[PDB]
Engineer: 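I am attaching a structure below and will ask some questions about it afterwards.
Numbers restart at 1 for each chain; the letters A, B, ... are given by sequence-line order, proteins then strands. Whatever order the structure lists them in is the order used to number ligands and atoms, beginning at 1.
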Amino acid sequence: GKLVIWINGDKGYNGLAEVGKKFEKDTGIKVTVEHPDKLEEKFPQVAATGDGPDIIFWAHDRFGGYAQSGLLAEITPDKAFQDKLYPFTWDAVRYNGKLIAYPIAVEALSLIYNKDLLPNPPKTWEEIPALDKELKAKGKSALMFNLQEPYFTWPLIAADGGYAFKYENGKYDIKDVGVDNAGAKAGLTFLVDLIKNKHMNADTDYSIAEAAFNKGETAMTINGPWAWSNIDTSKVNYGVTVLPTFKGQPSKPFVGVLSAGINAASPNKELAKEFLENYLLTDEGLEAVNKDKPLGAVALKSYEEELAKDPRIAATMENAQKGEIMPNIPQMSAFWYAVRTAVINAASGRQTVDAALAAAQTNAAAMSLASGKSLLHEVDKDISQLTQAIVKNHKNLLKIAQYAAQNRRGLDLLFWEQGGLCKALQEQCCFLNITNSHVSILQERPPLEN
Amino acid sequence: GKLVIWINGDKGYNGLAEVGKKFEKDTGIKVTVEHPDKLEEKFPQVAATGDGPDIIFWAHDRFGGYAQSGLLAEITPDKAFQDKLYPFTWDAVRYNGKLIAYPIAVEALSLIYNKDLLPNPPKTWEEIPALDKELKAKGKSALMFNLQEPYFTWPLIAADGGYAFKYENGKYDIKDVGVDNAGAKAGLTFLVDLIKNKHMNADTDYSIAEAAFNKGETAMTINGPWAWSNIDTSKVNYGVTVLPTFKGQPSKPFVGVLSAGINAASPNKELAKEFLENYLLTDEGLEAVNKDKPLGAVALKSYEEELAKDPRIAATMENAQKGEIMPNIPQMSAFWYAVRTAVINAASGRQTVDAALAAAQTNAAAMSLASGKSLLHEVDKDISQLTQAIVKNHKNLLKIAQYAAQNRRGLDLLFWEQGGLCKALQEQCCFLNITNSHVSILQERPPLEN
Amino acid sequence: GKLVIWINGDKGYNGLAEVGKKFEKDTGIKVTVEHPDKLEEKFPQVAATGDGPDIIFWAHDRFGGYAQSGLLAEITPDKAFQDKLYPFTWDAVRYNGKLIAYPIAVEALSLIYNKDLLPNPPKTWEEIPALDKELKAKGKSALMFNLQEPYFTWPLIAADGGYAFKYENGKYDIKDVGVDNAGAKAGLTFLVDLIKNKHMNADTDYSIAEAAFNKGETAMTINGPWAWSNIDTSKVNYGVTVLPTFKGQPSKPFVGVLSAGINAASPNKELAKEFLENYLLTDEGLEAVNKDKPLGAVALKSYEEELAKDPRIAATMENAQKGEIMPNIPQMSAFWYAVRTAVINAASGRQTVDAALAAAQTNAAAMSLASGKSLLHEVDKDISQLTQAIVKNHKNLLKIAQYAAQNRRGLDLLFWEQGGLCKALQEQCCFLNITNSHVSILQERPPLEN
Ligand SMILES: OC[C@H]1O[C@H](O[C@H]2[C@H](O)[C@@H](O)[C@@H](O)O[C@@H]2CO)[C@H](O)[C@@H](O)[C@@H]1O
Ligand SMILES: OC[C@H]1O[C@H](O[C@H]2[C@H](O)[C@@H](O)[C@@H](O)O[C@@H]2CO)[C@H](O)[C@@H](O)[C@@H]1O
Ligand SMILES: OC[C@H]1O[C@H](O[C@H]2[C@H](O)[C@@H](O)[C@@H](O)O[C@@H]2CO)[C@H](O)[C@@H](O)[C@@H]1O
Ligand SMILES: [Cl-]
Ligand SMILES: [Cl-]
């Protein structure tokens, strides 16, 4: 009989906490916003047991999976309301020919540079290397951004050719991935060469890249609206514009439409519908959240009209224009996971651009029972070994125990006219009651081939 | 040169032990019947190594898999003998266009109620809730049955729509499952609501549900022929009739034809053929087993004629009539496993009806090497941790040992004119020979990514 | 700026070490040959990280996989050079319609017998049993060979029908395997019957079978050119001829074209091209390696002309003629692995010919997330158990520690006018600083279902 919302801790939550009050005293219903880590992973797990938030906030790309796993309820926006929001963002939230989430805003990474250290930014990726040179001599760097999430480097990977799944005739092809073609390699190798050439680090993430640009330690960065807020507060004269090109090709970023979905396990299913339909998705609702952390190109037509006239937003849309709309299909988590590994491995040097990118593709396929078996049998040789080790420790323990007991025996004899050892020290007596049941249980332990 | 049969401990084994004697002294060949737990799982494992019984008894549904795994021999019933048994039960035991087992009897769950506590039983599922109310007030309950095996609750899941695989044009479609559609959810949610509303328990199984109906603690129950025996012995006036309806739809139970198969690793392959063809599948053979535990609608035409005129049997057939014939395809074990998990999870509340039922479906598909890899790598982070723990224990052990040795040192000095410690206590000396080889082996331990 | 080659330790490496010198002083570039165990497995792993050899030597069958994993560079043999080598061996090294390795020689197992113990060899498999009888009476055996690698017994498995993948219309069909058909079983059962009948052992490998034939302990053996060298040195009058027939059918051996590939991670990519194109693949290059360990039917036309006139080579080609060319497709490692398991299991009796051969086939398919899950959950019940065991050991350790400390306490009291225990023994004091951090870490340990 309440209402709980979940949003990314990197978005305008306190701003949503406000619209969360408008609902409370104007409806009485207590709204509560939460922002946990690994949100996209947590929800599906807690939601699966009937727990979790009534409303979930995340990009549309991973909703199809939550829907496939049957975790949310189909929303029912009255044919009228559907015309308050842009049609293209409605599709982004329509899975299996049905609506599964309320689009909130359109996001697209952009190129943020500090006009005070770089009045004129680079129009090409190819020149950042030599540009970083000049700045490194001055103490700072040229470009810094999160290298932990494929989301950021992907725009470069797609630039010269890379692509998730081919959208063949209004239908994405799962057997048609393109994470390991020419364009792909090209992009990744360049990015890596950047780290290889000390222009970039790899242990670098979000808080690391964010704190650096904001401290003026770097001239460039790649992010989305939500960031702008913290830069303003940092009094650094920044500028938002189109992303650099690669091999003459514009960086193709993956665009996502942040959405609000309704936990199928939710009892307050209408409370939500009305909170989003009549409280959030309003010009004054989108605004409160925006004052907290820029949403970008909101879906509400009325609000986008006086938001689109802003350069930071115009550039975000040009970027999304240059990019592609993320797919819905449940095969995203995999895809994304595949690319996270490639990028991290290739960058960390644990893999090669050619090797990493290949794995990504080939691995998107089914593993034989054989491997599962081999895997199985393998872990056995393993577990078994831990056992004997454990088992052995027990015995030795015992050998030590008896040894101790014996010594203690001689003591009691020395302190006999005292009452043995414990009585002569006038202290609580100790006791070697030693027993390890699991020791045996682990020996019986049937084979894992069952 | 002998002969061994395996049957479920819940069926008429001692009755088969008798026909097992008719074979012995009338052929000399010693027959032996066994009934182990997890029979359907055990056989494939022991049979795989050439061990196990010459003859196996279980429902036809899982024989295709034993045949696929190449565990049984094709039977050779002479075109004449095939007309002693009902044609429809012959199909149930024909895989890949070949015969793999001898059908014994047709089984179909029914509704058993105690006429003395409920003269008139419920014709609908929807009324058991309120009916359980009246009885709970009297001390007993309304319905109780095994909730550990999908077999029992399935009739409800299929009732309003659920289905294993769609039989498209004389061919079952593996890509066409129906464990997560409307009818499915409907049924499961109701069943769960029954437990949710304290009308039913979930930790409840066979022996629990069987002992309750037989003790008169409950008015209803769902089972098959084999059960009737123990009720008779319990002097409870029971009645067997059609299963209740759900949403106006009759509970569709999965019918199985208990069969006898021949271990391909069997040397006494003809001994079997003749034991089943000329000793078991005879009116007097089926009868002996029947006196032990009701087989149901046997396959032997002659015996079914004077068995079908029995209400308990008429109702069993009406039930099977209302239901569907179980598929042969090796993809049953999976399917069944999928539903066992759904039902147990949904009931125990560990999952939701919508979440559980979905898993069942989506999981019937292939997992990426990625997951296998992720899984792999994951278990590593794990195993490794156990190591260091183990490893650490060893060291501490040693620290303790030396500590002990030292103390012992001072003792020998106190009891020096005695011969040290051991000599003064005049007892076998203890010894700290401490060594854990596996400790190192576990350190070397290559990564699991190989 | 160097150059490293990897070849099997069972081939002519020192011979290649020589041609490795011709390159050095005639180019200055230092060449180094290595021969590690599990080469085919090692390379893909080290090559994946950018390490490993610039050139890899192994049969063509597993190159497609290295290419699929993107581990080698496409070679560029000038249209002219391609006519120095036999066209059929060029195909063997062409994957995805591109060249990935330089063919070196064509290999095909043969039948080696000691003319001095068996002037006339068996033309059929069926007679070795009774022939082994006569010889066993004389102290020796009839046939001995490596039973650890499917490569050797495969010629028998394919003889009467077995086959990897069906080559349908210039295209191998992955869904069309034939490791579990009639011919297959036939062959395997016979082979096994050979061991079952004490004519053959199963713990038998290469060094075991090689040392026996060379010591004159056996009259026959199955191997390839590389072997001949060691027999010559052993002064045993051997003979190389066609393989025995099975059920009237000639043993169909799998032929491989030993090839040299170029690590895609290689900086000396041209150094290689020139080492193989102008130094190795020359009549004098092939020769140096040949003096070390027979290559067989080399690919260099000029050298094959005066090599083919040799009986050992004529017979090798007749054998390959009777056999089939190994496929390129990455699905070989699996296939091979599948057959290694079948043969070892069937032979060791851990499985039956019918059961083992089936697994091989059915397992070449995808495993459900279910199994992965079941597997997962299963390992949990496992890991968890090891924990509590470990955990328990810790506690007991502690109980022992305190016990020890206490005893020590009484000692210090006995040796008080000495300075306690440590001071009376005038030795470094011991210390029970006991702490197992992982103990807790392992308790927190989230479930593996994440
Ligand atoms: O990097 C993989 C990740 O990419 C996208 O997530 C973005 C999200 O859309 C943005 O709104 C912002 O919060 O940052 C995320 C990356 O940190 C996908 O939407 C997401 O599913 C995927 O895992
Ligand atoms: O619950 C899954 C289970 O269902 C069927 O097994 C029945 C069997 O047919 C009956 O004869 C009786 O013994 O009880 C079983 C359930 O306990 C399937 O035949 C079986 O394969 C499946 O696992
Ligand atoms: O037994 C499986 C194994 O077979 C073939 O390997 C042969 C190789 O071709 C020969 O040149 C020689 O070295 O011995 C090997 C078997 O020990 C396949 O080429 C190989 O991939 C496969 O694993
Ligand atoms: Cl002690
Ligand atoms: Cl331990």
Engineer: Measure the acute angle between the ring planes of B/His35 and B/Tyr13, then classify it against the limits of 30° and 60° as parallel, tilted or perpendicular.
Structural biologist: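 Aromatic pair B/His35/B/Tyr13 classed parallel.
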Engineer: For B/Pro150, take its heavy atoms, then give the atoms of ligand 2 lying under 4.0 Å from any of them.
Structural biologist: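 That gives atoms 1 (O), 2 (C) of ligand 2.
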Engineer: What is the closest protein heavy atom to atom 23 (O) of ligand 2, and at what distance does it sit?
Structural biologist: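 Scanning the protein heavy atoms, the shortest distance from atom 23 (O) of ligand 2 goes to B/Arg62 NH2, 3.6 Å.
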Engineer: What protein heavy atom is closest to atom 2 (C) of ligand 2, reported as residue, atom name and distance in Å?
Structural biologist: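 Result: B/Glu149 OE1, 3.4 Å.
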Engineer: What is the closest protein heavy atom to atom 12 (C) of ligand 2, and at what distance does it sit?
Structural biologist: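 Answer for atom 12 (C) of ligand 2: B/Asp10 OD2, 3.9 Å.
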Engineer: Starting from atom 6 (O) of ligand 2, locate the nearest protein heavy atom and write down its residue, its atom name and how far away it is, to 0.1 Å.
Structural biologist: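 Answer, as residue, atom name and distance: B/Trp58 CZ2, 4.1 Å.
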Engineer: Does the side chain of A/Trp336 come within less than 4.5 Å of A/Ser333's, by heavy atoms?
Structural biologist: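 The answer is no; the side chains never approach within 4.5 Å.
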Engineer: Select the closest option to atom 14 (O) of ligand 3 among C/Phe63, C/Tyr151, C/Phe254, judged by heavy-atom distance.
Structural biologist: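 Looking at heavy atoms only, the winner is C/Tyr151.
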Engineer: Report yes if some N/O of C/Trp336 lies less than 3.5 Å from some N/O of ligand 3; otherwise report no.
Structural biologist: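 No - when backbone and side-chain N and O of C/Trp336 are compared with those of ligand 3, no distance drops under 3.5 Å.
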Engineer: Report yes if some heavy atom in the side chain of B/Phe63 is under 4.5 Å from a heavy atom in the side chain of B/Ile56; otherwise report no.
Structural biologist: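 Answer yes - side chains close enough.
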Engineer: Which is closest to atom 9 (O) of ligand 1 in terms of heavy atoms, A/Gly65, A/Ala108, A/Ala59?
Structural biologist: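 Closest candidate by heavy-atom distance is A/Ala59.
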Engineer: Give the C-alpha distance, both sets of side-chain angles, the deciding distance and a yes or no for side chain to side chain contact (heavy atoms under 4.5 Å, CB included) between B/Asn146 and B/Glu210.
Structural biologist: CA-CA 8 Å; B/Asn146 176 26; B/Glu210 176 188 44; over 6 Å; no
Engineer: Any idea which protein heavy atom is nearest atom 10 (C) of ligand 2, and the distance to it?
Structural biologist: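 In this structure, atom 10 (C) of ligand 2 has B/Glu107 OE1, 3.3 Å as its nearest protein heavy atom.
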Engineer: Could you walk me through whether A/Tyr151 and A/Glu107 pass the side chain to side chain contact (heavy atoms under 4.5 Å, CB included) test, one step at a time?
Structural biologist: CA-CA 12 Å; A/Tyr151 188 46; A/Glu107 331 168 332; 4.1 Å; yes
Engineer: Between C/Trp226 and ligand 3, is there a nitrogen or oxygen pair with a distance under 3.5 Å?
Structural biologist: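 It does not: no N or O of C/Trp226 is found under 3.5 Å from an N or O of ligand 3.
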Engineer: Taking the side chain as every heavy atom from C-beta outward, state whether A/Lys11 and A/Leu16 have any atom pair closer than 4.5 Å.
Structural biologist: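 No. Closest side-chain heavy atoms not under 4.5 Å.
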Engineer: Could you walk me through whether A/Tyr206 and A/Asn223 pass the side chain to side chain contact (heavy atoms under 4.5 Å, CB included) test, one step at a time?
Structural biologist: CA-CA 9 Å; A/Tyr206 198 100; A/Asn223 234 127; 3.3 Å; yes
Engineer: Go through it in stages, so that I can follow the logic: the residues are A/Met326 and A/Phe335, the test is side chain to side chain contact (heavy atoms under 4.5 Å, CB included), and I'd like the CA-CA distance, side-chain angles, deciding distance and then a yes or no.
Structural biologist: CA-CA 11 Å; A/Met326 287 196 246; A/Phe335 162 73; over 6 Å; no
Engineer: Tell me: protein heavy atom nearest atom 18 (C) of ligand 2, and distance?
Structural biologist: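 So the nearest neighbour among protein heavy atoms is B/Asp61 OD2, 3.2 Å.
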Engineer: Take every heavy atom of C/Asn8, measure it against each atom of ligand 3, and state whether any distance is under 4.0 Å.
Structural biologist: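 True for this residue.
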Engineer: Which bit of B/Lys11 gets closer than 4.0 Å to ligand 2, counting heavy atoms only: side chain, backbone, both or neither?
Structural biologist: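 The answer is the side chain.
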Engineer: Is a side-chain donor-acceptor pair under 3.5 Å present for C/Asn8 with C/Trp226?
Structural biologist: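 Absent: no donor and acceptor within the cut-off.
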